[PDB]
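Some notes on the structure that comes next.
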Amino acid sequence: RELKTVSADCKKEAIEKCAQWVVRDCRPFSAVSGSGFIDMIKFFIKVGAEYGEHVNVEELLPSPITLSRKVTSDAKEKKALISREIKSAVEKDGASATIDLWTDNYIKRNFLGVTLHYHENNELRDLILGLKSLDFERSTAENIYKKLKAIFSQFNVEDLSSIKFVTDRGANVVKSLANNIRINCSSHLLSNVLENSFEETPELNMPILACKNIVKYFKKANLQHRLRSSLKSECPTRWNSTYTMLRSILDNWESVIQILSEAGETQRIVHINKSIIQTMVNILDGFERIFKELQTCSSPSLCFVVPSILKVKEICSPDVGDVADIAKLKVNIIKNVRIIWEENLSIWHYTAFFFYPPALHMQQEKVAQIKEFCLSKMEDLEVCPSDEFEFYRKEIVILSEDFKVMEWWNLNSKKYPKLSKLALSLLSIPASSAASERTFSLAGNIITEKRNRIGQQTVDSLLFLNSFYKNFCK
Amino acid sequence: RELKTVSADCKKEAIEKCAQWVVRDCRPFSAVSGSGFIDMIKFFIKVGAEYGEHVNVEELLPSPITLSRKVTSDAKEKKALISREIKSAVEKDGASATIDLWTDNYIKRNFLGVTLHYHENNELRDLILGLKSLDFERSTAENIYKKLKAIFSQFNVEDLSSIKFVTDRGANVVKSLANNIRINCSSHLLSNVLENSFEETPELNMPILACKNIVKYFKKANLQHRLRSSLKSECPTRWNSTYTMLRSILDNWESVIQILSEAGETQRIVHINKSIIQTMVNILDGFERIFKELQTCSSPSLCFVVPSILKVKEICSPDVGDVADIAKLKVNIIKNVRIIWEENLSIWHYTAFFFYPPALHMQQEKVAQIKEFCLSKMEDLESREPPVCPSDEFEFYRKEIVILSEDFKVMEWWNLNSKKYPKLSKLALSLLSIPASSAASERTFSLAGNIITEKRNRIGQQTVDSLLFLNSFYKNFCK
DNA sequence: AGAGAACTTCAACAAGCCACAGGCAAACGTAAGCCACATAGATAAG
DNA sequence: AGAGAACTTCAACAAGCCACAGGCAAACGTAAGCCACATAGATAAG
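Respectively, the protein sequence lines represent chains C and D. Residue numbers 81 to 462, 518 to 609, in the authors' numbering, belong to the letters of the first sequence in order. Residue numbers 81 to 462, 513 to 609, in the authors' numbering, belong to the letters of the second sequence in order.
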């Protein structure tokens with residue numbers, strides 16, 4: 081049970097040996113820090129101890145094809161083994177899910193994201209079922225649902241309407257998912273509404289044009305080396321694409337203004353206002369933290385919806401320090417939010433926020449709809520229920536910086552039989568498909584020019600095993 | 081020398097746990113196949129036996145920055161230890177170096193490439209020295225000269241008369257190299273000649289874009305799934321893409337014609353005469369074999385370009401069934417050869433081809449010029515039918531007749547001919563160590579691309595330079 | 001030339017106690033300056 | 001009462017020889033997948 085520290089001589093031998101390895105095989109440096117690699121260290125040490133130093137190492141080495149075959153097989157056995165746990169989680173309505181479709185840049189396959197979210201014990205579950213490519217049939221949503229049910233049948237799950245789905249507004253996706261409770265992706269809604277608000281205000285375009293010319297010059301003239309922070313592009317696919325350029329402008333301000341002064345580019349900066357930049361940064365920092373709080377995986381994010389409304393309507397409300405253009409922007413933002421966000425928000429969002437222990441947030445008319453939905457869900461999952524609802528109205532809870540609604544409800548689960556189960560059912564719902572596009576990002580990470588011959592089954596096997604190893608290993 | 085065996089259960093758990101690691105680490109399956117991999121495994125097994133089982137790993141395994149420090153230290157140690165042998169190679173007049181420029185695609189740095197080749201003992205050493213940054217200077221021949229002097233003085237080299245260069249016709253390239261040896265790149269010149277040949281024949285202009293649009297239609301519309309040898313686009317930055325794409329289209333002709341029949345787009349393929357395609361492939365087969373001949377490094381390639389001139393003039397000889405368009409193409413190709421190839425040739429290639437044991441092939445003024453050049457060099461490097519003298523060495527080598535054996539390698543032939551012709555053999559080992567073109571530079575760039583990656587940004591230039599140098603050293607001095 | 005066997009007579013060593021003080025000899029204290037590997041932050045690709 | 005010391009007799013009895021029955025782990029030929037490595041080969045990119 082006690083590790084035996086060795087003399088530094090074997091240590092130096094290890095250092096030189098691994099330097100030779102890293103140079104010869106030409107691998108990224110951090111691969112030594114891989115925890116699985118450290119497990120390899122333990123395994124080879126023990127086999128050396130139990131067989132000596134006069135062994136045949138080579139015959140113990142398998143072939144990579146056998147590696148791939150064993151990977152796919154073990155994927156099959158482990159997915160079969162966890163099918164039972166997933167079915168148990170689904171039956172009690174404890175599970176939610178998000179989906180999307182992904183494409184690479186080499187073969188352009190129609191890969192679909194299948195992620196299942198729920199909660200077990202005191203760890204918030206979040207599972208990636210598998211990325212199955214649709215192949216090439218006109219990318220029809222009919223084939224999408226066919227392959228979807230093929231995926232679900234791999235775990236013996238044939239019911240979907242009870243699963244709560246948080247997805248964006250893809251036409252075919254929403255068309256097919258109208259049979260399911262469709263929740264708009266809060267992050268995607270924020271990005272789209274922000275883009276709509278920006279496109280309604282040309283009064284920022286002229287400094288935007290100047291900044292775009294600045295960044296083009298920076299990526300062209302090759303002068304980023306003397307900034308300590310290289311300028312970034314927009315990349316509209318990137319979330320909060322304006323925030324990154326606002327940062328790379330305001331933060332680098334001193335160095336960039338000095339180098340444009342010393343490079344004879346005073347023309348590039350005569351059309352820029354600092355006050356507007358600082359006001360917009362002060363407005364957009366809240367938006368960035370809304371993004372990060374709505375992209376939380378190991379924490380519930382559906383309870384953020386109405387506090388997000390409060391924070392936005394406080395931020396978007398006109399102030400004294402705004403310009404006429406900025407006040408016009410704020411009015412446009414108010415119009416867009418009232419026609420999109422609150423228009424599309426519905427009973428699920430307010431009800432999921434309601435279970436937060438300070439239930440005095442929405443003392444307005446929304447309590448009626450929230451109570452009706454709570455009664456319906458109590459029937460679905462079924518001290519009395521309405522008595523529970525009334526006694527919850529008697530509860531007052533003080534916020535603390537480390538307070539969690541989940542632990543609070545579970546410690547009140549001893550007092551409340553089924554409303555706590557309702558809370559965990561609602562708390563297991565992220566407010567966005569951030570996990571879905573992160574799965575897409577991971578798939579992009581595993582794909583590369585040298586990896587253009589991979590098979591789809593191998594890919595979804597790898598990602599499922601990675602998710603299982605992340606979530607159910609202690 | 082006997083080796084032992086483990087239980088099958090041990091092998092099974094090895095499979096299980098290595099799969100666990102690789103799925104956790106998300107690494108390509110080629111990693112286990114590495115030779116350094118099994119080297120480290122053997123070291124681990126030896127240490128585990130020597131130390132037991134309840135031996136800690138966490139303390140033993142170092143930190144990545146420690147690794148970078150140790151790699152730089154080992155690189156500089158090998159630099160110091162090998163600079164002396166490399167200097168001996170420098171003044172043994174058998175050294176060949178590569179020079180080029182390359183820009184990154186993430187940070188867009190400017191890098192000057194220097195490597196070195198030499199022959200010692202029964203092996204041709206191929207060492208990649210360094211791809212050093214030019215910082216952000218004006219990128220002139222002065223910065224290039226400073227960088228190359230710094231590169232070589234890092235290995236205690238200050239004179240560059242003996243070194244022999246092969247490179248392209250860049251502006252700075254022709255600007256700086258006027259003071260030392262210069263040879264034009266065979267690959268760059270060959271690609272330029274192919275582009276000229278296809279440009280000067282107007283009749284074959286439209287099939288190029290026709291085939292490119294065919295590939296584009298089969299690409300963008302997700303039309304590559306049922307194609308056995310799927311088509312790909314040009315990527316003209318590469319070498320002879322057009323012929324390879326045409327070959328692939330000719331290969332898949334059956335699939336594509338039935339696909340057009342089933343899809344009602346037969347008008348896409350009916351616009352091209354197939355006989356044109358067979359004519360193109362029949363002409364270009366010898367060209368592609370020449371392509372594959374010139375790229376050799378572990379075997380000589382400088383000397384195998386004039387016999388490629390022989391092969392071209394054999395191919396460029398007029399045919400009977402060649403269309404008038406094909407006759408125009410071949411006449412234009414002959415003109416391009418006359419105006420480019422012999423224009424860019426130097427005495428290096430003639431001297432390299434001369435050492436072919438049946439020297440009777442080039443019995444012209446060429447061998448006389450080669451004799452004068454070799455006599456000058458040997459007077460610098462130092513009828514009597516015994517070798518005795520360099521002039522008599524050439525006189526005796528002239529009359530030699532050797533069979534065209536199929537498995538003939540001139541390397542060991544001259545190695546055992548050094549007993550007969552010592553100084554001429556030294557000239558041979560000097561000449562053969564020169565690749566004809568700069569394909570090694572692109573190989574080094576490919577290695578860099580294996581190093582530099584979208585996720586592998588933000589690496590110091592000295593670090594990567596040491597990595598590539600040490601890797602080349604190991605591929606030079608490890609048995 | 002035996003042979004066993006016990007006896008005074010010197011008188012002659014000798015193992016067996018102490019007294020004790022003088023090493024060299026194993027092992028524990030500071031100190032100690034070169035390392036040098038371990039510990040937290042920006043930062044580009046995303 | 002006792003001495004200490006050699007013969008004399010059955011004697012039986014616990015050491016070694018012997019070696020046909022009954023028994024057993026060890027060795028060998030066979031056969032069924034079998035199945036996990038091992039081979040080239042191609043296929044894209046670079």
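The C-beta atom is built at its ideal place from N, Cα and C for all residues, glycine as well.
| said: Can you tell me whether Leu-181(C) is helix, strand or coil according to DSSP? | reply: Counting from 1 along the first sequence, the entry for residue 181(C) is found at position 101. Three-state DSSP puts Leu-181(C) in a strand.
| query | In three-state terms, what does DSSP make of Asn-264(D)? | reply | Here residue 264(D) refers to the residue found at position 184 when the second sequence is read from its first residue. Note: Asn-264(D) maps to strand in three-state DSSP.
| So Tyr-297(C) packs on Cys-383(C), CB below 8 Å; how close in whole Å? | Against the first sequence, residue 297(C) aligns to sequence position 217. Against the first sequence, residue 383(C) aligns to sequence position 303. Rounded, the Cβ-Cβ distance is 45 Å, inconsistent with contact.
| DSSP state of residue 465(C) mapped onto helix, strand, coil | No atoms of residue 465(C) appear, because in chain C residue 462 is followed directly by 518.
| said: Within 9 Å of any Cβ in chain D, is that where the Cβ of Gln-591(C) sits? | reply: Here residue 591(C) refers to the residue found at position 456 when the first sequence is read from its first residue. No - not a single Cβ of chain D is within 9 Å of the one on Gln-591(C).
| said: What would DSSP say about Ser-113(D), mapped onto helix, strand or coil? | reply: As a position in the second sequence, residue 113(D) is number 33, starting the count at 1. Reduced to three states, the DSSP call for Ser-113(D) is coil.
| query | Roughly how far, in whole angstroms, is the beta-carbon of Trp-428(D) from the beta-carbon of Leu-561(D), given that I think they are within contact range, below 8 Å? | reply | Position 348 of the second sequence, counted from the first residue, corresponds to residue 428(D). Position 431 of the second sequence, counted from the first residue, corresponds to residue 561(D). The Cβ separation is near 7 Å, so the contact holds.
| task | Report the partner residues of residue 505(D) according to the DSSP bridge assignment. | result | A break in chain D separates 462 from 513, and the residue in question, residue 505(D), sits inside that break with no coordinates.
| request: Out of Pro-565(D), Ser-513(D) and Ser-335(D), point me to the one whose CA is closest to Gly-174(D)'s CA. | output: Sequence index remark: in the second sequence, residue 174(D) carries index 94 (1-based). When only C-alpha atoms are compared, the closest one is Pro-565(D).
| request: Specify the secondary structure class of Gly-128(C) as computed by DSSP and reduced to three states. | output: Here the question's residue 128(C) lines up with position 48 in the first sequence. If DSSP states are grouped into helix, strand and coil, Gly-128(C) belongs with the helices.
| task | Taking only the alpha-carbon atoms, compute the straight-line gap between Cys-265(C) and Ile-121(C) and give it to the nearest angstrom. | result | Here residue 265(C) is taken as the residue at index 185 of the first sequence, counted from 1. Here residue 121(C) is taken as the residue at index 41 of the first sequence, counted from 1. Cα-Cα distance, rounded: 44 Å.
| message | With a threshold of 8 Å, are at least 3 pairs of Cβ atoms found where one atom belongs to the stretch 90–103 of chain C and the other to the stretch 105–123 of chain D? | response | Proximity of the stretch 90–103 of chain C to the stretch 105–123 of chain D meets the contact definition, three or more beta-carbon pairs being nearer than 8 Å.
| task | Quick one: list the residues of chain C neighbouring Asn-136(D), beta-carbon separation under 7 Å, in chain order. | result | The count along the second sequence starts at 1 and reaches residue 136(D) at position 56. Within 7 Å Cβ-Cβ: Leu-83, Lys-84 and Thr-85.
| Apart from the five residues just before and just after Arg-306(C), which ones in its own chain have a Cβ nearer than 8 Å to its Cβ? | Indexing the first sequence from 1 puts residue 306(C) at position 226. Excluding positions up to five away in sequence, the list reads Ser-335 and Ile-339.
| Selection from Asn-252(C), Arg-262(C), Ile-329(C) and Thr-195(C) that minimises the alpha carbon distance to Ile-288(C) | If you number the first sequence from 1, residue 288(C) lands on position 208. Cα-wise, what sits closest to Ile-288(C) is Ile-329(C).
| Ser-148(D) to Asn-223(D) span [Cα, whole Å] | Position 68 of the second sequence holds residue 148(D). Position 143 of the second sequence holds residue 223(D). Using only the alpha carbons, I get a separation of about 28 Å.
| said: Against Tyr-604(D), what residues of chain C qualify as contacts under a CB-to-CB distance less than 9 Å, listed in chain order? | reply: Counting from 1 along the second sequence, the entry for residue 604(D) is found at position 474. Near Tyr-604(D) (Cβ distances below 9 Å), the residues of chain C are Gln-100, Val-103 and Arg-104.
| Whether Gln-234(C) touches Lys-159(C) by CB criterion (9 Å) | Counting from one through the first sequence, the residue named residue 234(C) turns up at place 154. Counting from one through the first sequence, the residue named residue 159(C) turns up at place 79. Yes; because the gap between Cβ atoms is below 9 Å, this pair is in contact.
| request: Would you kindly report the start and end of the unbroken beta strand (DSSP E) that includes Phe-216(C)? | output: For the purposes of this step, residue 216(C) is identified with residue 136 of the first sequence, where counting begins at 1. Taken as a continuous stretch (DSSP letters only), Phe-216(C) belongs to no beta strand (DSSP E), as it is neither H nor E.
| request: Name the two residues that bound the continuous alpha helix (DSSP H) containing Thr-574(C). | output: Taking the first residue of the first sequence as position 1, residue 574(C) is located at position 439. Segment 569–581, the alpha helix (DSSP H) holding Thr-574(C).
| task | Compare the Cα-Cα distances from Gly-210(C) to each of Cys-608(C), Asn-601(C) and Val-385(C) and report the closest residue. | result | Here the question's residue 210(C) lines up with position 130 in the first sequence. The shortest Cα separation from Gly-210(C) among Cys-608(C), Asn-601(C) and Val-385(C) belongs to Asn-601(C).
| message | Quick check on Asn-601(D) - is its C-beta less than 9 Å from some C-beta in chain C? | response | The residue given as residue 601(D) occupies position 471 in the second sequence. Residue-level contact check: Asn-601(D) touches chain C, since one or more beta carbons of chain C fall below 9 Å from its beta carbon.
| query | To the nearest angstrom, how far is it from the Cα of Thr-346(D) to the Cα of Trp-333(D)? | reply | Locating residue 346(D) in the second sequence gives position 266, where the first residue counts as 1. Locating residue 333(D) in the second sequence gives position 253, where the first residue counts as 1. CA-CA distance, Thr-346(D) to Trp-333(D), rounds to 12 Å.
| Relative to the C-alpha of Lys-300(C), which residue among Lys-393(D), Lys-188(D) and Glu-283(D) is closest? | Here residue 300(C) refers to the residue found at position 220 when the first sequence is read from its first residue. Nearest of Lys-393(D), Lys-188(D) and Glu-283(D) to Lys-300(C), Cα basis: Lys-188(D).
| said: Using DSSP's beta-bridge definition, name the partner residues of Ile-208(C). | reply: The residue given as residue 208(C) occupies position 128 in the first sequence. In the DSSP output, where bridge partners are listed per residue, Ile-208(C) has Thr-195(C).
| query | In terms of DSSP beta bridges, what is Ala-175(C) paired with? | reply | The residue given as residue 175(C) occupies position 95 in the first sequence. DSSP lists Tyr-198(C) as partners of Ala-175(C).
| task | On the DSSP bridge assignment, give the partners of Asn-223(D) in chain order. | result | Looking up residue 223(D) in the second sequence gives position 143. None, per the DSSP bridge assignment.
| said: Is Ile-125(D) close to chain C? Criterion is C-beta to C-beta, closer than 9 Å. | reply: For the purposes of this step, residue 125(D) is taken as residue 45 along the second sequence, with counting starting at 1. Yes, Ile-125(D) lies at the interface with chain C (some Cβ there is under 9 Å from its Cβ).
| field | Nearest neighbour of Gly-366(C), chosen from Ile-357(C), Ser-378(C), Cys-396(C) and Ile-582(C) [CA to CA] | value | Here residue 366(C) refers to the residue found at position 286 when the first sequence is read from its first residue. Cα-wise, what sits closest to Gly-366(C) is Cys-396(C).
| Residues of chain C with a CB under 9 Å from the CB of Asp-154(D): which are they? | The residue given as residue 154(D) occupies position 74 in the second sequence. Neighbours of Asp-154(D) on chain C, chain order: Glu-96, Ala-99, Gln-100 and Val-103.
| field | Contact list for the stretch 293–325 of chain C against chain D, Cβ threshold 7 Å | value | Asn-302 and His-305
| query | With burial defined as no fewer than 16 other Cβ atoms inside 10 Å of the residue's Cβ, what is the status of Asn-547(D): buried or exposed? | reply | Residue numbering aside, residue 547(D) sits at position 417 when the second sequence is read from its first letter. The residue is buried, with at least 16 neighbouring Cβ atoms inside 10 Å.
| said: Which residue marks the beginning of the alpha helix (DSSP H) containing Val-392(C), and which one marks its end? | reply: Reading the first sequence from its first residue, position 312 is the one you call residue 392(C). Residues 385–396.
| In terms of residues, what are the limits of the alpha helix (DSSP H) holding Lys-167(D)? | To locate residue 167(D), count along the second sequence from 1; it is residue 87. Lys-167(D) -> alpha helix (DSSP H) spans 144–170.
| Cα separation between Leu-597(D) and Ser-379(D)? | The sequence position of residue 597(D) within the second sequence is 467, counting from 1. The sequence position of residue 379(D) within the second sequence is 299, counting from 1. Straight-line Cα distance between these residues: approximately 26 Å.
| task | Could you check the C-alpha separation between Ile-414(C) and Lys-393(C) for me, to the nearest Å? | result | Counting from one through the first sequence, the residue named residue 414(C) turns up at place 334. Counting from one through the first sequence, the residue named residue 393(C) turns up at place 313. Cα to Cα, the separation comes out at about 8 Å.
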